[PDB]
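Side chains are part of it too, since the values below use all heavy atoms of this structure and drop only hydrogens, waters and symmetry mates. Starting from 1, each residue takes its place in the sequence as its number. Whatever order the structure lists them in is the order used to number ligands and atoms, beginning at 1.
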Amino acid sequence: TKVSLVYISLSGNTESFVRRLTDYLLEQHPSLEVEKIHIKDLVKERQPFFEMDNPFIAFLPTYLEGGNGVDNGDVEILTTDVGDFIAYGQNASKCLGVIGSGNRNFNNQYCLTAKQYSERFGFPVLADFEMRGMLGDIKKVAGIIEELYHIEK
Ligand SMILES: Cc1cc2nc3c(=O)[nH]c(=O)nc-3n(C[C@H](O)[C@H](O)[C@H](O)COP(=O)(O)O)c2cc1C
């Protein structure tokens, strides 16, 4: 069994979480295969999108136009390449769910993009965390991953 973590990180918060989550998973399951796919790196290095051969979890930080933007400023910015990757071929049917990263000071817009992705593609929001996330978030997401990939505890 292989764990696939598809993410984007613009200021490093989600990148940090994915790194620490992977370290935690390997500490608990030394032989586990964990694949990280950074969408930003695929785009910048001018690599094409592809179809996943393995079920995966999406990690999506929240960036919205805000201000006096159309539809209460709830238009996604900067992260749309993640949506494109999921919308590619049959990737949506391969997505186990989305995990949102955000800032509680954004009140009702806290992790809104994850819910938008969930509503569009039909997979659930598995969890949300604030900024880099805490140990409690690491452990929770690790548990969800163990359940979803049927990993022995
Ligand atoms: C321009 C801008 C807009 C943001 N809008 C939201 C938002 O609407 N809701 C939210 O929960 N967090 C919002 N955030 C906070 C980020 O989602 C949060 O800092 C996240 O951890 C960023 O992850 P990253 O470092 O991997 O890019 C915003 C941050 C910036 C810089």
Side-chain angles (χ1 to χ4, degrees), residues 2-28 32-50 52 54-88 91-92 94-149:
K2 171 168 76 170
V3 174
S4 300
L5 312 173
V6 174
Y7 74 104
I8 202 166
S9 189
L10 299 178
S11 76
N13 287 345
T14 307
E15 169 86 39
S16 177
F17 189 87
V18 170
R19 184 191 64 82
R20 272 176 295 125
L21 170 68
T22 300
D23 297 339
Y24 185 78
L25 284 165
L26 294 170
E27 182 209 36
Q28 299 300 319
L32 221 205
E33 180 176 22
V34 180
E35 176 190 41
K36 307 174 203 178
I37 294 158
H38 193 10
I39 298 301
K40 179 175 140 198
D41 291 352
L42 281 176
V43 175
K44 286 191 96 282
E45 292 160 348
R46 305 187 190 279
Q47 303 299 320
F49 284 157
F50 53 87
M52 293 288 288
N54 189 53
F56 69 94
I57 290 162
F59 295 75
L60 226 206
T62 316
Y63 292 93
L64 301 172
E65 60 172 356
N68 295 325
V70 69
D71 290 29
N72 297 326
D74 293 347
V75 168
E76 179 193 10
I77 61 167
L78 307 171
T79 56
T80 63
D81 294 328
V82 178
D84 295 344
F85 181 88
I86 299 166
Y88 186 90
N91 284 341
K94 292 277 173 191
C95 187
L96 294 162
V98 64
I99 294 166
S101 176
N103 182 331
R104 282 190 156 85
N105 289 315
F106 287 85
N107 201 15
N108 296 328
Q109 284 69 50
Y110 180 65
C111 296
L112 177 61
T113 321
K115 287 185 293 194
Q116 288 179 352
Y117 277 42
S118 176
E119 286 166 341
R120 188 200 170 177
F121 297 112
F123 48 68
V125 180
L126 299 170
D128 293 312
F129 63 91
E130 244 206 324
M131 300 176 70
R132 289 173 77 260
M134 299 173 295
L135 191 59
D137 303 305
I138 295 287
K139 290 178 184 171
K140 181 161 89 196
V141 171
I144 292 161
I145 287 168
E146 287 164 343
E147 291 180 351
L148 260 34
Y149 287 96

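Within the structure, the ring-ring contact (aromatic ring centres under 6.0 Å, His included) test picks out the following pairs touching residues 126-148 (sequence neighbours left out): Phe17-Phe129. Applying the side chain to side chain donor-acceptor pair (under 3.5 Å) test to residues at least two apart or on different chains, the pairs with a partner in residues 118-135 are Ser16-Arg132.
Evaluation of the ring pair (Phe, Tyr, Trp, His ring centres under 6.0 Å) rule for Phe123 yields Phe121 as partners, not counting sequence neighbours.
Side-chain N or O atoms of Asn54 include none that pairs as donor or acceptor with a backbone N or O of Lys94 at under 3.5 Å. With hydrogens and angles disregarded, no donor-acceptor distance shorter than 3.5 Å links the side chain of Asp74 to the backbone of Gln109.
Rounded to the nearest 0.5 angstrom, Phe49 CZ and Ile39 CD1 are separated by 5.5 Å.
Residue-level contacts of ligand 1 at the 4.0 Å heavy-atom threshold are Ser9, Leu10, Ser11, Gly12, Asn13, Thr14, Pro61, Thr62, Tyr63, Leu64, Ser101, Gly102, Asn103, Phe106, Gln109, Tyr110, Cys111, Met131.
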